[PDB]
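Each chain is listed here by its residues.
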Amino acid sequence: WXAXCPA
Amino acid sequence: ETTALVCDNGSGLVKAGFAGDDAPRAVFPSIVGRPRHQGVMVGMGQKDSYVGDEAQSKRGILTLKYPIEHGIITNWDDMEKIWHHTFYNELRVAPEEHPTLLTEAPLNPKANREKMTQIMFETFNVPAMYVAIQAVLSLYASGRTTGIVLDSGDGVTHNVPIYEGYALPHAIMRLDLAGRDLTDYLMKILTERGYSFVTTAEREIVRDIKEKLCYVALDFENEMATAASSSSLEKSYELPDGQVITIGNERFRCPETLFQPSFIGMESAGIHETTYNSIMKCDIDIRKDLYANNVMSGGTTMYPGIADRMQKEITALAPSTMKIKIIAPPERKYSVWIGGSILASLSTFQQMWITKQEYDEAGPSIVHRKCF
Amino acid sequence: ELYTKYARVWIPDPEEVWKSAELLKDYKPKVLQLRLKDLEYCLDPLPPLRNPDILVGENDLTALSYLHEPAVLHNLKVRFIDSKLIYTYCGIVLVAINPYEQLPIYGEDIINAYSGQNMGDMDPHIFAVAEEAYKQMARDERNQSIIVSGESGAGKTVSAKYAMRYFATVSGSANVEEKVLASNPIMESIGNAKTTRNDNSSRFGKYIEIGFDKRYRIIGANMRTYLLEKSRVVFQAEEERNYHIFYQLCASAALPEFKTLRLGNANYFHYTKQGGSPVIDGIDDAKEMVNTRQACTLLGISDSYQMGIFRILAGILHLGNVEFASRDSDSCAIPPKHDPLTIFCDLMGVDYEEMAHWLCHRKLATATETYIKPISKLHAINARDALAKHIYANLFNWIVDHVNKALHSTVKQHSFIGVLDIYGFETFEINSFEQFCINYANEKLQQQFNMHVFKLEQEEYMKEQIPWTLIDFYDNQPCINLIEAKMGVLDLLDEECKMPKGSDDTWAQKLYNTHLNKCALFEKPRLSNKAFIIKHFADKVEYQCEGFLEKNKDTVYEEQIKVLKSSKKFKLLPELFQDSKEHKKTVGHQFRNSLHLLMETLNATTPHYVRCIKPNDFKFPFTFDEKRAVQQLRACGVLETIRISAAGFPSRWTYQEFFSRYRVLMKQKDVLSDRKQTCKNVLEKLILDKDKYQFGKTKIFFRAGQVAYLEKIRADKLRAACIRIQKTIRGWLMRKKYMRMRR
Amino acid sequence: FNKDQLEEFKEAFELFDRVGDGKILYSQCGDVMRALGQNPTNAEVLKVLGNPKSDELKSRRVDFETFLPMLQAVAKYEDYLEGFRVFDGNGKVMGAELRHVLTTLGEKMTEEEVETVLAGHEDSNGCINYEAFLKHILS
Ligand SMILES: Nc1ncnc2c1ncn2[C@@H]1O[C@H](COP(=O)(O)OP(=O)(O)O)[C@@H](O)[C@H]1O
Ligand SMILES: Nc1ncnc2c1ncn2[C@@H]1O[C@H](COP(=O)(O)OP(=O)(O)O)[C@@H](O)[C@H]1O
Ligand SMILES: [Mg+2]
Ligand SMILES: [Mg+2]
């Protein structure tokens, strides 16, 4: 992703 | 007439084929490999890349990236190779001549749709494109117009309640627990038995174990006590080199994490309790219909017994009178592709495509505006 | 604007579609005083006007001076009843009305008499059109075909019989035709059905190519079939029947050969049972099949294959009795032993357990693996019926091949003349997917007809000097676009077959939403959601949506075909299949594609046309009923053709024939041996302007009514001179009486 | 008409009186006019007679004085030639066609009248020189 997770 | 293409960017597989077929004409892991060692033999062949079944065959020599993580495309440069390989090698088709249909998880970052379009029109020059919610396509796949679809991929799990062909977007839940996190947990617990799997090529060796020998406990505490009480659960497996490895209760302990993400250390509840808490968000009128039409979808729901474990569990949350039914067609891994094949061949849909002309006028923002 | 005392006019009536009057007050400008034997009849925001008795009975319906439905119906009535003439022409179209008694007319010496002569030279007869076909094929290597069209029982098959007999006697020098006629019992037995209005209606379209050598001797004939009504096999509206062969077979169950076929009575089997009407009056099917079996025996199909055919049809009847128990919303099954599957598997020699599985489940196989699913009881029932329809349609396409093997000849076919027998445009008091297909094929055929007639008139005018623009034509393409094109009625019908849950109720809503006020030609019946109304070229037709989808749907599960193809008991069952994307295609798209295979065959060819119309419903010999015949003649597009011709310059006179008839108008002042320039001078006196006539090279063309104008002024001059002559004769004769008395 | 004409016409009229009352029937008035050189149409004859009804036409008798205004009213070749040239160009006319038209069109005559007027004017082919026949019937 961009925040709460690695992607 | 020119038939549309139907393509599904899973995390774990690419599935592609021609609309109107009842199965994909290509499936292969959406995996990109690069050589890491030194090339000793001058005059041997040389490649900067392998894709799919190639990167599978040689994997001992390669580092394997997935360009997709939790359904977000994490680098485009490899993804564009995966699409290029899909159209030119797997389907052997010019994309200039066929509409294309592309498939996406419900919440994922809105920038993803813009880039995923921009590459279809700039790189492949596709005539026409559309992007469709995986759970919607699962309904077309399973012959229904009302249901709640639980869909779980290699990279994402999500629920989407749909009633009478209206989707119900306030009631939509997304847990990114998936095949890959079941793999990584499987590695961590396998370490307990004195095996370690350390590398990308080796992680797929784990995954083949997960696919062959995992199953879901119909009571967790019963079978856990049983395996301690006797080894009848225990089964064993041959690594590529011929080493045997042997696995007990531990093969169910991974499927149980879907029902207790406390093992992985997630906050949120198992997918039964998300499914229920999704239905509760729905209007009380509809719920009697969503309880009957529970549809399993995607490969992470292929584990033997997940259907019964779901039914026995959600039948404990739901009020005693309601009829609870769970619907698990044995092709469900394909079903998102099948339902996309059905959708792409409807005549009403032909008005829906994003045209190259209208993208060229409107710019990639069009994909949010038109598509849903 | 002519009406006088002693004018005559046609008026509408409830009982005969038109009735004549004489007008007995001179009209000038609001109501007319008419005698019949009195009425005053209203004018409204003019009445039709009637041809002088010299015209009525004239041998070409375009010869008349006033063209309209009353005059046409009158001419056909008087020719049929009074002169016992069954044949009449309109424009190029021959129009044929079945005498429904035998007649002398078809004998050999008439066949010989017609040969060699043009369509103006002789009174109309079917031989005259066949002789036109033969004469065009003699001018041009271009193939010719003959198209025979009308309501069921109007006499299409008999008109084909005679049209082929013409070639057989004139060309033939020795035995194709005796084989062709021996083919009729077989193709009727497999291909004819009993329908609400009459029995023995042909549910397909049949094309015979008579082949010629390079001296136009008949070498051999090739038969093609199109547009088969496959849906009738498994479904039947009330008081109809499926194809005769099934009843003949059931009626024959007592015979010892059939005894192994374990047949019932004809209302036992679920396919034959549905219509509720086993028996046709005055046909004993048990002694029909003796005919059809002899037809096979003569036409070269062995007793081995005949017993194969009946073994397959008994297989289908036994297949239909298979009944499925449910287990589930999503699973069904077959009870522990089910007798109509036990018998069926013995008849076609396959494993009961394998059919039990593959009937019940279906298989789907990807790049990697094979998956086997239960299916709901409704899908299993649709699959069973799609299988029965596929077995039937392949047995049909096989019997037509083993016929052609008897009818081909190895010599090269230099050219062919083709004869086509096809159901006519048809409108009923319920309409259903079959009628929608029939009316779509008729819309196509009369597009080809309109374009052909418009071409032939563009050719004729350019044989003259005259500008084309006066010509125009009825283009019916927007109805074909409504029926056939994408987002058309058939396309949205297949879409409901694709869509996850589909019903005629939900279909019709799509129809309305898309067409209802987007298109001039699609309409909703004011007081139903369930039906829709199409403005077909002839007349508005109302189609009910209910049970389109069940009729629309075929999909054969490939593994069900494979279980049959694995059979080894007898040789015919493998042979039928032996010879996918095809298997998916719905009935409404196999019909489309077979209609293209037809229209591309005809569009390679030059058409000639025969229209059949049926005088009366009740089988009364050689009477006539107005109320049907007007509907038939609208269904034939004859009325539209006539109205178009009346808009143009319908009448033709050759300068010689005009001068000869109208010399009475002229004077010795005004005759000069160059006939054309004399008539050019005279006509401008008599009729004001070219706006009413054109000078051709060899003919004069008139707008409607100028012929009646000529006959009016001629008859006036004729009476004026006649009475002058009588008056003068009596003057001198009375002077003779004055001499008689005074002497 | 002068006194001499009136006297000759009255004498002729009285010669046609077959009942002795000095009168003829209305239906004979036209015949007398034609015998006296008039050529009225049947319509003209009925008009000068006053379009009489059947009963008075068949039984009502009128003397000369009432007849005279009618004769006056009636009194107050190239057309004949063109009329015959309609049905012709060798100067002949078929006997059959003239017979048919005279017995079936116009003021239809009896077969005996047509035979009588045509008698002696047709040749072996059955053709009449119509200029001579016209002069003959106008004499
Ligand atoms: N038969 C099976 N049993 C258990 N797990 C499976 C099975 N097939 C696939 N999986 C796992 O599920 C994931 C693939 O699911 P899939 O629906 O193909 O993903 P995607 O969303 O990319 O299509 C992978 O983690 C794979 O290991
Ligand atoms: N020209 C004809 N002479 C004698 N009988 C005729 C003629 N035309 C039609 N009929 C009668 O009408 C019947 C019905 O017409 P037919 O051609 O057999 O059916 P269809 O018109 O459906 O092909 C014929 O069997 C025959 O008895
Ligand atoms: Mg998926
Ligand atoms: Mg017939």
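Residues numbered from 1 in each chain as written, not as in the entry; some residues may be left out. Chains lettered and ligands numbered in written order. Heavy atoms only, no water. Residues with missing side-chain atoms left out of burial classes, pairs and counts.

This deposited entry lists cryo-EM as its structure determination method and 3.5 Å as its resolution.

For chain C, the PDB entry supplies the name Unconventional myosin-Va and the organism Gallus gallus.

Within the UniProt record for chain B, the comment given under Catalytic activity is "ATP + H2O = ADP + phosphate + H(+)". Recorded under Sequence similarities, the UniProt text for chain B is reproduced unchanged: "Belongs to the actin family." (UniProt positions renumbered as here; feature names shortened; annotations may be inferred.)

1. Things to note about the overall build of chain B
Each helix and strand counted, chain B has 14 helices and 19 strands in total. Taking 2.2 N^0.38 as the reference for a compact globule, 372 residues should give roughly 21 Å; the C-alpha atoms of chain B span a radius of gyration of 22 Å, in line with that estimate. Sorting the 372 residues of chain B into buried and exposed places 53% on the buried side. The contacts of chain B with a sequence gap of at least 6 include a subset with a gap of at least 24, amounting to 67%. Taken as a whole, chain B presents about 16,400 Å² of accessible surface, with 49% of it coming from carbon and sulfur. In chain B, 37 side chains carry a positive charge and 47 a negative one; their mean positions are 1 Å apart. (Helix = DSSP H or I, 4+ residues; strand = E, 2+ residues; numbered from the N terminus. Rg over C-alpha atoms; globule rule 2.2 N^0.38 Å. Buried < 20%, exposed > 50% of the residue type's maximum accessible area, 1.4 Å probe, protein only. Contact = heavy atoms within 4.5 Å. Areas by Shrake-Rupley, 256 points an atom, 1.4 Å probe, with all protein chains shown as cover. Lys, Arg positive; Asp, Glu negative; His and termini not counted. Charge placed at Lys NZ, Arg CZ, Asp CG, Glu CD.)

2. Description of the pairing of strand β23 (residues 699–702) of chain C
All names here are of chain C. In the sheet, strand β21 (residues 651–654) pairs with β23 via 4 bridges, with the strands oriented antiparallel. What sits directly across from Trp653, in β23, is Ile700. Pairing of strand β22 (residues 693–695) with β23 involves 3 bridges; the strand directions are antiparallel. By the bridge assignment, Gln694 is partnered in β23 with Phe701. In this antiparallel pair of consecutive strands, β22 and β23, the connection spans 3 residues. (Pairing = 2+ DSSP bridges.)

3. Topic: the domain arrangement of chain B
Looking at the assigned domains, one finds that chain B contains domain 1 (2–28 + 70–135 + 335–368), domain 2 (29–69), domain 3 (136–182 + 272–334) and domain 4 (183–271). Distance between the C-alpha centres of domain 2 of chain B and domain 3 of chain B: 38 Å. (Domains from an automatic or database assignment.)

4. Concerning the site of ligand 2
All names here are of chain C. Ligand 2 sits among 13 residues. The nearest are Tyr106, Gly153, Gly155, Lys156 and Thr157. Within the contact set of ligand 2, an oxygen atom lies 3.5 Å away from a backbone nitrogen or oxygen of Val158. Here ligand 2 loses 78% of its free accessible area of 550 Å² to cover by the protein chains. For the shell around ligand 2, the class distribution of residues is 5 nonpolar, 6 polar and 2 charged. (Near = heavy atom within 4 Å. Polar contact = N/O pair within 3.5 Å; in protein donor to acceptor, adjacent residues only side chain to side chain. Nonpolar A, V, L, I, M, F, W, Y, C, P; charged D, E, K, R; others polar.)

5. Remarks on the site of ligand 1
Residue and element names in this part refer to chain B. Taken together, 17 residues form the shell around ligand 1, and within it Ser11, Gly12, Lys15, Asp154 and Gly299 come nearest. In this structure, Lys15 approaches ligand 1 through a side-chain N or O atom, which is 2.8 Å from an oxygen atom. A distance of 3.2 Å separates an oxygen atom of ligand 1 from a polar side-chain atom of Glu211. Put simply, the parts of the chain that give the shell around ligand 1 at least two residues each are β2 (13–18) and α6 (200–213).

6. A few points about the packing of aromatic side chains
Residues and elements named next belong to chain C. On inspection of all chains with the given rule, the structure shows 49 aromatic pairs over all chains. Here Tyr166 and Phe167 contribute two aromatic rings whose centre-to-centre distance is 6.2 Å and whose plane-to-plane angle is 70°, an arrangement assigned as edge-to-face. Looking at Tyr166, the relative accessible area reads 1%, which means it is buried. Using a relative accessible area of 1% as the deciding quantity, one classes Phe167 as buried. (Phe/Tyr/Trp six-rings, centres within 6.5 Å; stacked < 30°, edge-to-face > 60°.)

7. Looking at the sheet that holds β21 of chain C
Residue and element names in this part refer to chain C. The 3 strands lie next to each other as β21-β23-β22, forming an open sheet whose pairing is antiparallel. Bordering the open sheet on either side are β21 and β22, each of which pairs with just one other strand. On average, each strand axis in the sheet is tilted by 20° relative to the strand beside it, whichever way the strands run. Helix-sheet contacts for helix α25 (residues 675–686) involve β22 and β23, and the interaxial angle to β22 is about 165°. (Axes fitted to C-alpha atoms, helices over the stretch in contact; angles between N-to-C directions.)

8. Some remarks on the arrangement of the chains
Summarising the chain contacts, 3 pairs of chains touch, and the pair with the most contacts is chains C and D. At the level of C-alpha atoms, the two units chain A and chain C stay apart, their nearest approach being 30 Å. Chain B shows no contact with chain D. Their nearest C-alpha atoms sit 73 Å apart.

9. Observations regarding the packing of helix α5 (residues 179–190) of chain B against α6 of chain B
Residues and elements named next belong to chain B. With their axes 9 Å apart at the nearest point, α5 and α6 run at an angle of 95° to one another. When the axes of α5 and α6 are compared, the pair comes out roughly perpendicular. Residues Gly179, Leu182, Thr183, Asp184, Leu186, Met187 and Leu190 of α5 touch α6, and the partners they reach there are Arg203, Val206, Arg207 and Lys210. In terms of residue class, the contact of α5 with α6 is built from 5 nonpolar, 2 polar and 4 charged. (Parallel < 35°, antiparallel > 145°, perpendicular 65-115°, else oblique.)

10. Side note on unusual backbone geometry
Keep in mind that most residues, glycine aside, have a negative phi and that most peptide bonds are trans. We note that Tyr100 of chain C has phi near 70°; this positive angle belongs to a residue other than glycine. By secondary structure assignment, the location of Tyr100 of chain C is in the loop between β6 (93–97) and α2 (108–114).

11. With respect to the interface of chain A and chain B
Across the contact, 4 residues belong to chain A and 8 residues belong to chain B. Taken over both partners, the interface formed by chain A and chain B buries close to 430 Å², and the fraction arising from carbon and sulfur atoms is 72%. On the chain A side of the interface with chain B, the three residues burying the most area are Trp1, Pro6 and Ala7 of chain A, jointly 94% of the side's total. Where chain A meets chain B, there are 0 salt bridges. (Buried area = accessible area lost by both parts, 1.4 Å probe. Salt bridge = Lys/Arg side-chain N within 4 Å of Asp/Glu carboxyl O.)

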